[PDB]
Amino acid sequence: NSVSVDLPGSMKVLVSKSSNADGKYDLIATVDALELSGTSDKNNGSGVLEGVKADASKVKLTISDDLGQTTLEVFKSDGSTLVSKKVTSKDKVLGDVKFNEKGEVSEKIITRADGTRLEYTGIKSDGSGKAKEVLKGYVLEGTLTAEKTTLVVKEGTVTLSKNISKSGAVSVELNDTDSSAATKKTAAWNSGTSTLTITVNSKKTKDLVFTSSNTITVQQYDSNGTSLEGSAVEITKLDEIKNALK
């Protein structure tokens, strides 16, 4: 009979213990009540399974040869145009994509391995849309273009912009429309340490670090402006980011 194999994306597939006359393995899977079935030339659970929803939408589950990745697709009833695609990759990142009546991407939600998310909605043919990053404790809102995602926090005359390039690189900037040189904030970005250093009146005031854990930390310089003091504090609420910009 069969062997159960654990899949990425909280799924299971049952694979036949031995092969058929063609050398092939039977695959069976239930996905949210829908029975899928398939045949594979490998013995490990990898391969393609198919089924059809009660509304006649076609479904396909594709499991990569190394079991690292699953793709779950729903199609219109003639199987030609995508309706939804959910891809869990070997680093457990999820991409959940919705398509327009013409099967072109309209919405994409990325869930990172740590549970933080990028939510892109109202995606248009040029790759532009609306964006939101959902972090632990707070959300950042902005826009998407084919160049970059730009999330924005505003506080007084100060605008902080977090940019995620098309390839995933982060960079951050600060603009202040204050003209009083005593009080106007400016900032320099170090992409090497992923640190935004803020300055007021030729004195460093604080370092904002945009971490590889998708957190933001704040650490103040001493009253001189010369050197850091105390220790970095993790932002836990959008107000604490706003405070850092005061």
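By rigid core we mean the largest C-alpha set that fits within 1.5 Å across both forms. Start at 1 and count along the sequence shown; that's the residue number.
Stretch with larger C-alpha RMS deviation in 4 other deposited structures of this protein, core superposed, 81-89 versus 67-75:
Once the cores are fitted, 67-75 deviates more in 4 other deposited structures of this protein.
Consider 46-54 and 190-198 separately and indicate which one has Cα atoms farther, on average, from the shown form in 4 other deposited structures of this protein after rigid core alignment.
Stretch with the higher C-alpha RMS distance in 4 other deposited structures of this protein: 190-198.
Output the stretch having the higher mean C-alpha B factor in the entry; the candidates are 191-199 and 29-37.
So the stretch with the higher mean C-alpha B-factor is 191-199.
Highest mean C-alpha temperature factor of the two stretches 181-189 and 214-222, which is it?
Higher mean C-alpha B-factor: 181-189.
Among the choices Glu133, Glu155, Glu73, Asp78, identify the one whose CA B-factor in the record is greatest.
So the option with the highest C-alpha B-factor is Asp78.
Check the PDB entry and point out which of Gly95, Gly129, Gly103, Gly137 has the largest C-alpha temperature factor.
Of the candidates given, the C-alpha B-factor peaks at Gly103.
By its CA B factor, does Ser167 count among the lowest, middle or highest third of the modelled residues in the chain?
According to the entry, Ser167 has a C-alpha B-factor in the chain's highest third.
Place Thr143 in the lowest, middle or highest third of its chain's C-alpha B-factors, as listed in the PDB entry.
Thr143: CA B-factor falls in the lowest third of its chain.
Chain-wide C-alpha B factor ranking for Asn175, given as lowest, middle or highest third
Highest third.
Per the entry's values, where does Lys204 land by CA temperature factor relative to the rest of its chain, in the lowest, middle or highest third?
Within its chain, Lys204 is a highest-third residue by C-alpha B-factor, going by the deposited values.
Within-chain third of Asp66 by Cα B-factor, per the entry
It falls in the top third of the chain.
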